[PDB]
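Asks: Could you work out the structure for the sequence below:
(3 chains, ligands or ions: 1)
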Amino acid sequence: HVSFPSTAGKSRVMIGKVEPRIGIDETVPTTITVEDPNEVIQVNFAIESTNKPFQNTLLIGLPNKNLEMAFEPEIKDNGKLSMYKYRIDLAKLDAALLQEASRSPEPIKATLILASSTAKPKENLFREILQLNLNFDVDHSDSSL
Amino acid sequence: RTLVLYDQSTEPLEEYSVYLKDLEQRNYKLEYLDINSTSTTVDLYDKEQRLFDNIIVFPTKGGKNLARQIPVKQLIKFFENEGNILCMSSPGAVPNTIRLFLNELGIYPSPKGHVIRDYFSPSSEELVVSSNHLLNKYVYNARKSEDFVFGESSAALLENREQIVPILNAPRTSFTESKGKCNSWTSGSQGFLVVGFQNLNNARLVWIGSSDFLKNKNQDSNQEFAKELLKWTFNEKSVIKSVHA
Amino acid sequence: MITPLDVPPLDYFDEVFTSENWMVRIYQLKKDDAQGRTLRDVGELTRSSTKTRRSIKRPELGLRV
Ligand SMILES: *[C@@H]1O[C@H](CO)[C@@H](O)[C@H](O)[C@H]1NC(C)=O
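Replies: Residues are numbered from 1 along each chain as shown, chains lettered A, B, ... in the order given. Take a look at the structure below.
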């Protein structure tokens, strides 16, 4: 049952410009990237191919700063294709992640991992889907981060 | 000086001889206690004077033998008086006395049955971790790329205190796999393998989340890191003195 | 009337002096914990009678910087 991925990125303000801007390590990559203009749920679609998705996790953070969050999906099995949905709340994000992103110009990035123990090497998926460029100037001046 | 505590049931003392010998090689008065078949209890203090400078708790399964020799309150009283500690909690050998002492110091190690699994492994047999995950030059700065053999291991969730000194990171892909249906204890690079602590009194603790890191089998892969780690733990590597302000 | 349960414990200050007729009372600020934990937690540790911990449950602590 192959998988269809949707990253429903619920927002709070001027979200950003999700985009696979630069060529990266393309190990079993996403077949295509797409977006939609809806306001409440600006869902992003991408029908990538896993080999076995025992590990199915979306990391929305800054890899270099080691600040990342792990978002599990929601699986709906029609019986022919399985639909994965990861819902991200911009409001409910770690205070340190918001502060670090705002203080220094860089894009929050989302990496997808689909893998299994029984999978052959190089058949697992670890690739960066998008790089949100946040714009809302709403950050607290002082916090314990 | 140094006090070594070990259980002959879980792991014999010999498997960790090399590094102990190196300690002997640098004038370390090691005193060895076994907790498997001993009834007498070591007294860390004699009339408000600590009888040891350091302590090493080799891998032991949780029991009432540990809760009798080093109860949590005695560990915290030793640590406040500048004693240095070196813990080790493998999955399947996580004492409740260590786990609780370290939950008081901010470090939340994973409990038994939670084993870290990485699928993008160099060698599938055991969890090898590269040297790019080192997070502190002062504790140890790798001049060249090294792959540390960690065996089966656990992870630690860290609070945001000024005292916690993270030293090594789990692989970014890696996650904990509980036998039960509980969610993963740590999810990604927020689970730490090696961890350190330094009091406001400058006393130092270090937690290693594997039992195979310090074994003789992995000596070649993990000798430089291990020796610098032990030198740091015992206030022998990066101590600073302010003079004549 | 003041009863022994009307007065909660002081976890941040020590009594060092109390005059003869209890008219002047002098307390001293206690130095913060070496392990960097709130003094209320040290208190609730030194008071709570020893008993088995409720369970091992993943702490909700946030993101390490
Ligand atoms: C101590 O020794 C063994 C470890 O070799 C341990 O399994 C046992 O419970 C203890 N007692 C005896 C008599 O071996």
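Asks: The closest residue to residue A:41 other than its chain neighbours: what's it in contact with?
Replies: Closest residue to residue A:41 apart from its sequence neighbours, by C-beta to C-beta, 6 or more residues apart in numbering or on different chains: residue A:8 at 5.0 Å. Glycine gets a C-beta too; all of them are placed from N, C-alpha and C. Listed by C-beta atoms under 8 Å, 6 or more residues apart in numbering or on different chains, the contact set of residue A:8 reads A:41, A:43-44, A:85-88.
Asks: measure residue A:8 to residue C:51 for me?
Replies: From residue A:8 across to residue C:51, the span is 45 Å (C-beta to C-beta, to the nearest Å).
Asks: Could you do residue B:7 as well?
Replies: Plainly put, residue B:7 is 26 Å away from residue C:51 if you go by C-beta to C-beta.
Asks: that older thread, just give me the closest of the contacts of residue A:8 to the ligand.
Replies: The ligand has its nearest neighbour among these in residue A:86, at 48.9 Å by C-beta to the nearest ligand atom.
Asks: and the host helix or strand of the closest one, which strands flank it?
Replies: If you go by DSSP states H and E, residue A:86 is part of strand A:81-87. When sheet partners are counted by DSSP bridges, strand A:81-87 sits next to strand A:2-8 (parallel), strand A:75-77 (antiparallel).
Asks: What parts of chain B come near the ligand?
Replies: Counting by C-beta under 6 Å from any ligand atom, chain B comes close to the ligand at B:8-9, B:36-37.
Asks: From those residues, pick the one nearest chain C.
Replies: Among those, residue B:9 lies closest to chain C (C-beta to the nearest C-beta), at 22.4 Å.
Asks: Kindly tell me how buried the closest one is, as a neighbour count.
Replies: For residue B:9, the count of nearby residues is 15 (other C-beta atoms under 10 Å in any protein chain shown).
Asks: what's the nearest residue to it if we skip its chain neighbours?
Replies: Leaving aside its sequence neighbours, residue B:9 sits nearest to residue B:36 (C-beta to C-beta, 6+ apart; 5.1 Å).
Asks: which parts of chain C sit against chain B?
Replies: Taking C-beta under 8 Å from any C-beta of the partner chain as the criterion, chain C approaches chain B at residues C:32, C:34-37, C:45, C:53, C:56, C:58-59, C:61-65.
Asks: related to what we said a few turns ago, now, the most widely separated pair of the residues of chain B next to the ligand?
Replies: For the residues of chain B next to the ligand, the farthest-apart pair by C-beta to C-beta is B:9 and B:37; their separation is 9.2 Å.
Asks: Grab the most central residue of chain A for me.
Replies: Chain A has residue A:110 as the residue nearest its centroid, 3.4 Å off, counting by C-alpha atoms, centre = their mean.
Asks: try chain B
Replies: With distances taken as C-alpha atoms, centre = their mean, residue B:207 lies nearest the centre of chain B, 2.6 Å away.
Asks: A helix includes that one, no?
Replies: No. Going by DSSP: H, G, I helix; E, B strand; the rest coil, the assignment for residue B:207 is strand, not a helix.
Asks: so it bridges to which residues?
Replies: Going by DSSP bridges, residue B:207 forms beta bridges with residue B:87, residue B:195.
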